[PDB]
4 protein chains.
Amino acid sequence: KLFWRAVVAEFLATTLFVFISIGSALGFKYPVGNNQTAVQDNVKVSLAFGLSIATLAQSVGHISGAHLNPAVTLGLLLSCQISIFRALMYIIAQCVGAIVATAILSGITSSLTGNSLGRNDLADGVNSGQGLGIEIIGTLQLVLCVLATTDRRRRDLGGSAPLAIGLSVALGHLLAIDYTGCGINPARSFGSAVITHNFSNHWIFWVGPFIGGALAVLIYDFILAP
Amino acid sequence: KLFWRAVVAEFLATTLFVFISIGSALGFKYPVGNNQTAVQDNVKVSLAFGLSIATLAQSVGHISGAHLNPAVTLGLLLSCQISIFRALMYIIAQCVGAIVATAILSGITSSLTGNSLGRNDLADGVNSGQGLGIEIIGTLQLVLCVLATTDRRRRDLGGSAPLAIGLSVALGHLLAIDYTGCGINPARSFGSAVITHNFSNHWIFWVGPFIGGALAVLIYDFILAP
Amino acid sequence: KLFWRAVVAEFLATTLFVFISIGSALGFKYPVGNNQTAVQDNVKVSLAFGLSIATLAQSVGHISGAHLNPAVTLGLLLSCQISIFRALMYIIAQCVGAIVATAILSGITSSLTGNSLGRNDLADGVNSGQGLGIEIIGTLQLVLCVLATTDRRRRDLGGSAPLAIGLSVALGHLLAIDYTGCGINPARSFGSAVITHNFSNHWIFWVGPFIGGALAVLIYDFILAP
Amino acid sequence: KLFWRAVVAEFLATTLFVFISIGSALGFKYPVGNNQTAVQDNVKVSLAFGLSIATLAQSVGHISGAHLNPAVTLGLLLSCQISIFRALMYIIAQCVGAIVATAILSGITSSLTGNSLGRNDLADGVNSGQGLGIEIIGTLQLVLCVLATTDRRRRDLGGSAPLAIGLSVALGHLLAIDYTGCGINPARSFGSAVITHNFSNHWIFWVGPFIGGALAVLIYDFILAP
């Protein structure tokens, strides 16, 4: 029964997550153009995405669904069994949540209109192929810490891990951000794209996190043999 | 006897809280107009409100009154008994403290006068109905974490929760802020309004936190049955 | 023997502390005038003073001298005995350290010269009597948390308190800063003044922290009877 | 067998570290000149280097190789035996990693070209001999905390230390930064220099950390006798 509140636990959560995130960012560009946000001061933006996850993680399901992206899950699968690993649901959740996440935004935020957007949070690029690697190295540590944190002992009473992970993820963004918006999570993309998505990129983004996370568990496995 | 230092514990605290908060914010707009604060760099502002609560929470009453807003309390009530739940006092406290909080400000801060104010920290709006939801989603996690943190085990010797909660609350603000100033707390409103409060808003603000927190404990209850 | 490394432990530490602090701040105003620092972005400045203390506290003497200001110490005295409480040394230390702290600065930092200074970090004021209270409310929580943290259990293996206290102190600054530079510590003043100190203020600053801390332990005592 | 994944553990890690670090920094100066980054808002930059290490440390080898610089290691040696202390490898690692770290950068980041660089992250200087001391005082606490944290008890289940150390190191940067870029680590230098390194400085930088760390363990030893 749990596996189901579990999904919703994330269906919901993730939504809340991406809304805030997309909240603050857009939060900053808005009253009449040229005053503070000609081009918004990046860390707070990082902070929003950053801190967010750790809170939302400290609250939701614990040993089970807490996270909010596909890369983490597979990193997990990687072992001997898919007999119970129907984590593919988690992804569809993480995806559907994102859409009512971006959707609920346009609803309120509906006057943000110069050559108006609330833009593809990511694949925009005044770059070419560089965009690719950057994110793939970042999730590498995220997934890394995500599993590190887990080895012997499970969930908190001192709450370090979540605070940890959250700010860890934050790191991704400080950097992730400029070149092509923050990319450590699949869901974050669809929601943005749902309007007009022009880059073959935002998903070369996905395979990225996977692969970043691919060598991530591969390098975390040989660390010392399970 | 405790229930009473308890109230004062918060009467006082909260006051200290909102003063700092209103301190820094106003802190930034002031020497002669056009120099740094044409429109103040938002996160530190978030930081003040943000960090503040966690300190003030780590210090005051522990199992009992530590918090500083009405939404948290009801989230608590929600169970089977008001036989001892005269938490309505806590609210009047949280309200009275706020007034000597804003009051003590005008006393010192008394030269901040262009078309001078120390403004309705919140309901200002270059928006319409959007303002409503935004805050209602934010307190959702605050109250969420506030109760999550509490389930089995009570108060700290490793002090995570408070540090947690504080920065959690901080999240609310990073975002909460731009559209219509930070709104996760009833008290924060009166104190600001005490001068000239023009919006039917700042309290549609209250019912908001409640309702955000309303579905908040409702969703935290079905999480797994008490 | 310990009481002595203890003092030096702080003699030294505090020095290191105030140097960094005075480091970053001055750090920001310097290459040729009008480019980034017309008037330096305040939180990092807060961060330096802020984070600093928590590190330096996590490292130095533990049950004993860790702190770096006079207000904390007296808050401590307040009990029944000065038979062993010759904490007045600690102050002279905290004072002497500050001078080689500011001194060692002028040595390196020696080209920072427009109408050049590395100014009275604090009492400057485009204000009058407001400056007074502001800091007195801030140390109130610092001292508060400083003692809260201590009640039943002593020093860390999970290291929360220091991280706590540090960022707690940080709070003071975010706000403390603008009106008249950050004021939660006696030492910080002398070192700055050692050159040309014009305000009857910077020490009405001292009596402030004391008194802030005075009612601080008085309110922390009645909290629940020792 | 461990001593070897150990080195790679750092060979790799450190690389990841310096890339992000050099990532964000460069991250900020780039789209067409005069828009936000005329001269980049320093703390986030601090954050990247800052938070980074704590994550990467929370994930890699634990009792053993976690760190990412030469100063920490010797501080360690300092005791009675080099029979097993072939930590000189660690340095060559920390050095080689840095080069594929800066290298992999130029590969992606390859359009950042005004009078283009991705500059000597450090020894630049509109100063003379001041540059020298500044960093030597900073690592003093880093190494300090690095060893403090270690005394009686080893590695985390509450994860404080790493979070600690990371932000501790962050402190170095907030300040370290302006005068001559952040300097608390040997590796960080080579990678930058690998192109065109003009200062006798960046290594007077090394002897610095050592010596900062030299008196660092000397002062941490007399603290209380091993």
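Annotations for the structure displayed:
- Residues of region C:115-132 classified as small (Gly, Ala, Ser) and either assigned to a helix (DSSP H, G or I) or under 19 Å from B:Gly61 (Cβ atoms) (or both), total: 1
- Condition met for A:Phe11 (surrounded by fewer than 24 Cβ atoms within 10 Å (Cβ to Cβ) and part of a helix (DSSP H, G or I)): yes
- Among the conditions (1) part of a loop (DSSP other than H, G, I, E, B); (2) of a type in the set (A, V, I, L, M); (3) away from chain A (no Cβ under 14 Å), the only one that D:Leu68 does not satisfy is (3).
- Residue within region C:155-168 that is farther than 22 Å from D:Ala170 by Cβ, out of contact with any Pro (no Cβ under 7 Å at 6 or more places or on another chain), surrounded by fewer than 18 Cβ atoms within 10 Å (Cβ to Cβ) and not aliphatic (A, V, I, L, M) present: yes
- Some residue of region C:78-96 being under 28 Å from D:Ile219 (Cα atoms), without any contact (Cβ under 8 Å) to a residue 24 or more places away in the chain and assigned to a helix (DSSP H, G or I): yes
- 2 or more residues away from chain C (no Cβ under 14 Å) and in contact (Cβ under 8 Å) with a residue 60 or more places away in the chain: qualifying helices (runs of 4 or more DSSP H) within region B:133-226: B:187-193, B:201-221
- Residue in region D:45-58 that is within 14 Å of chain C (Cβ to nearest Cβ) and more than 18 Å from the chain's Cα centre (by Cα) present: no
- For D:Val18, the test of being touching a residue at least 12 places away in the same chain (Cβ under 8 Å) and surrounded by 19 or more Cβ atoms within 10 Å (Cβ to Cβ) is passed.
- Here A:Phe85 fulfils each of the conditions (1) among the aromatic types (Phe, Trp, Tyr); (2) surrounded by fewer than 17 Cβ atoms within 10 Å (Cβ to Cβ); (3) under 30 Å from D:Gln40 (Cβ atoms) apart from (3).
- Hey, A:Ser128 out of contact with any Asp or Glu (no Cβ under 8 Å at 6 or more places or on another chain) and without any contact (Cβ under 8 Å) to a residue 12 or more places away in the chain or not: yes
- Considering region A:97-108, the residues that are surrounded by fewer than 19 Cβ atoms within 10 Å (Cβ to Cβ) and in contact (Cβ under 8 Å) with a residue 60 or more places away in the chain include one that is nearest to A:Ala187 (Cα to Cα), namely A:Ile99.
- When residues in region C:30-44 are screened for being outside any helix (DSSP H, G or I) and either surrounded by 23 or more Cβ atoms within 10 Å (Cβ to Cβ) or within 14 Å of chain B (Cβ to nearest Cβ) (or both), 9 of them pass.
Residues checked against (1) out of contact with any helix residue (DSSP H, G or I) (no Cβ under 8 Å at 6 or more places or on another chain); (2) under 24 Å from B:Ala170 (Cα atoms); (3) of a type outside the set (S, T, N, Q):
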position	(1), (2), (3)
B:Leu2	yes, no, yes
B:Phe17	no, yes, yes
B:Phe28	no, yes, yes
B:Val45	no, yes, yes
B:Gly61	no, yes, yes
B:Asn69	no, yes, no
B:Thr109	no, no, no
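Quick note: the coordinates plus some simple rules give every number you see, no bench work behind them. So basically every Cβ, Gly included, is an ideal-geometry build from the backbone, and we count neighbours across all protein chains shown.
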